[PDB]
Amino acid sequence: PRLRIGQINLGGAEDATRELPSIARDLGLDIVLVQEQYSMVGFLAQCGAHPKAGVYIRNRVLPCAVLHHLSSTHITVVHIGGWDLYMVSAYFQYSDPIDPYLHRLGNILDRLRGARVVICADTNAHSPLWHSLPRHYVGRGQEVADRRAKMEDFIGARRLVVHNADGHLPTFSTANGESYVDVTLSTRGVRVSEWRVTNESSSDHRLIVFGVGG
């Protein structure tokens, strides 16, 4: 009927990474787009020596192709056969300029022009688009403001849809407080349903779950 997707930054923790299979089984997730995984595990599609993004395919039989020419350590691109859907897991390194990542994503979207694409990214950016509070993106310095602007400009230029729904738990919780930096986007036309933030993961980030159609 519809694919069940998970999105989660694992904080580089081995335990949070190793608990994914059980969570996927419990919630019936088909695919989980991860960031900051403990890469030494063996159930993740990931690229490079020290990947910061990856894709976990709970059911191996599901036809899934990792697009090598479009993937890198921080952005993993896969194509799900049958559902004719491209999915992207991305990690925008905290404290580093966001520009390089947007250019990379832009190139990916250019090469996948006309296709159905879903992007699960830890943007480490704050915007009312994904329900960040005013105190998260206003009065927090020029970098936060610039990062927000660049992300919003990108989303607009690429005509992408933000699926994060209002009224849900913050996607990131630490000692400094709670924030919303994990975003679920897609090209126009892709139907995303039941989007929600859960407390299934032991990571400081909260596992996002949603469904996508064929």
Side-chain angles (χ1 to χ4, degrees), residues 5 7-12 33-36 51-54 70-77 86-187 189-190 192 195-197 203-208 210 212:
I5 311 302
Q7 166 173 175
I8 175 76
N9 174 309
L10 303 163
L33 291 76
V34 310
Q35 300 83 47
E36 292 194 281
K52 253 66 183 300
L70 301 182
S71 306
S72 58
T73 54
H74 296 223
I75 301 184
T76 315
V77 185
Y86 291 83
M87 302 194 85
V88 183
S89 180
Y91 173 64
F92 297 173
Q93 179 68 221
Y94 177 66
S95 78
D96 280 2
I98 193 169
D99 307 69
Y101 297 96
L102 299 182
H103 285 298
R104 203 175 287 276
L105 262 190
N107 292 325
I108 294 175
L109 294 176
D110 282 335
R111 306 189 73 173
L112 299 177
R113 187 176 301 296
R116 306 172 70 226
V117 188
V118 167
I119 303 164
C120 296
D122 169 359
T123 68
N124 278 305
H126 310 272
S127 166
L129 273 187
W130 47 91
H131 319 295
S132 298
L133 304 179
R135 64 174 183 280
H136 296 335
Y137 59 81
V138 177
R140 294 303 295 281
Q142 199 59 53
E143 299 208 310
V144 168
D146 288 352
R147 201 176 179 83
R148 174 194 165 203
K150 293 176 179 303
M151 200 57 223
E152 299 178 335
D153 286 355
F154 180 79
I155 288 169
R158 296 291 174 171
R159 302 176 58 184
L160 299 177
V161 181
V162 170
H163 295 282
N164 294 52
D166 193 9
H168 286 275
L169 296 166
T171 77
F172 190 25
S173 175
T174 58
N176 297 304
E178 296 191 295
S179 63
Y180 307 71
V181 302
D182 300 287
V183 191
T184 303
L185 312 81
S186 83
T187 47
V190 179
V192 172
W195 190 94
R196 60 190 173 95
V197 180
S203 177
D204 286 339
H205 283 263
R206 293 201 174 76
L207 169 65
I208 284 171
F210 60 92
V212 182

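Start at 1 with the first residue, then count along the sequence.
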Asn124 and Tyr94 have their tightest heavy-atom pair at ND2-N, 3.6 Å
Quick note, salt bridge (charged side-chain N to carboxylate O under 4.0 Å, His left out) partners involving residues 128-148, not counting sequence neighbours, are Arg148-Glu152
Scanning both residues in full, the closest heavy-atom pair of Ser132 with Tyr180 reads OG-O, 3.1 Å
Are the side chains of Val183 and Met151 in contact, using a 4.5 Å heavy-atom criterion? no
Output for pair (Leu10 CG, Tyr91 OH), nearest 0.5 Å, gives 12.0 Å
Shortest non-hydrogen pair, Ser89 vs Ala53, comes out as O-CB, 3.6 Å
Side chain to side chain contact (heavy atoms under 4.5 Å, CB included) filter on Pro100, not counting sequence neighbours, yields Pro97
**Message:** Within the structure provided, determine whether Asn9 and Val181 are in side-chain contact (heavy-atom separation under 4.5 Å).
**Reply:** no
TODO: Report yes if the side chains of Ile75 and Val88 come closer than 4.5 Å at any heavy-atom pair, otherwise no.
DONE: yes
ask   = Going through the checks in order, is the side-chain contact (heavy atoms from CB on, under 4.5 Å) test met by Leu109 and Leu160?
value = CA-CA 10 Å; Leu109 294 176; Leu160 299 177; 4.1 Å; yes
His205 meets the ring pair (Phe, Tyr, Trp, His ring centres under 6.0 Å) criterion, sequence neighbours left out, with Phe172
Here the gap from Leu105 atom CG to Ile119 atom CD1, rounded to the nearest 0.5 Å, amounts to 5.0 Å
Within-4.5 Å side-chain heavy-atom neighbours: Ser72 and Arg104: yes
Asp182 and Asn164 have their tightest heavy-atom pair at O-ND2, 2.9 Å
The reported gap from CD in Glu36 to CG in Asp122 (rounded to nearest 0.5 angstrom) is 6.5 Å
Separation between CH2 (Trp130) and OG1 (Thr123), nearest 0.5 Å, reads 4.5 Å
Does the side chain of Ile108 reach to within under 4.5 Å of the side chain of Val117, using non-hydrogen atoms? no
Inset, instruction - Taking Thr73 for its side chain and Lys52 for its backbone only, find out whether a donor-acceptor pair lies under 3.5 Å. - result: no
query = Hey, does the side chain of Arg206 reach the backbone of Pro170 with a donor-acceptor pair shorter than 3.5 angstrom?
reply = yes
Contacts satisfying ring pair (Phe, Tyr, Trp, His ring centres under 6.0 Å) that involve residues 99-125 (not counting sequence neighbours) are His74-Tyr101, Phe92-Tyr101
Does some side-chain heavy atom of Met87 sit less than 4.5 Å from a side-chain heavy atom of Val118?
-> yes
Check your understanding: When you look at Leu70 and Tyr86, which way does the side-chain contact (heavy atoms from CB on, under 4.5 Å) test go after all the steps?
Key -> CA-CA 11 Å; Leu70 301 182; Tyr86 291 83; 5.8 Å; no
Closest heavy-atom pair, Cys120 versus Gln35, reported as atoms and distance to 0.1 Å, is O-NE2, 3.6 Å
What one should report as the nearest heavy-atom pair of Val144 and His126 is CG1-CD2, 4.2 Å
Those residues at least two apart in sequence (or on a different chain) that pass ring pair (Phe, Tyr, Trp, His ring centres under 6.0 Å) with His168 are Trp195
Rounded to the nearest 0.5 angstrom, the CG-OG1 distance for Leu207 and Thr171 is 11.0 Å
Pairing donors with acceptors under 3.5 angstrom, does anything connect the side chains of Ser186 and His163?
yes
Hits for side-chain hydrogen bond (donor to acceptor under 3.5 Å, both in side chains) against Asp110, two or more places apart or cross-chain, chain-then-number order -> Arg113, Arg158
Test side-chain contact (heavy atoms from CB on, under 4.5 Å) on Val161 and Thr187; report intermediate values, then the result.
CA-CA 6 Å; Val161 181; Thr187 47; over 6 Å; no
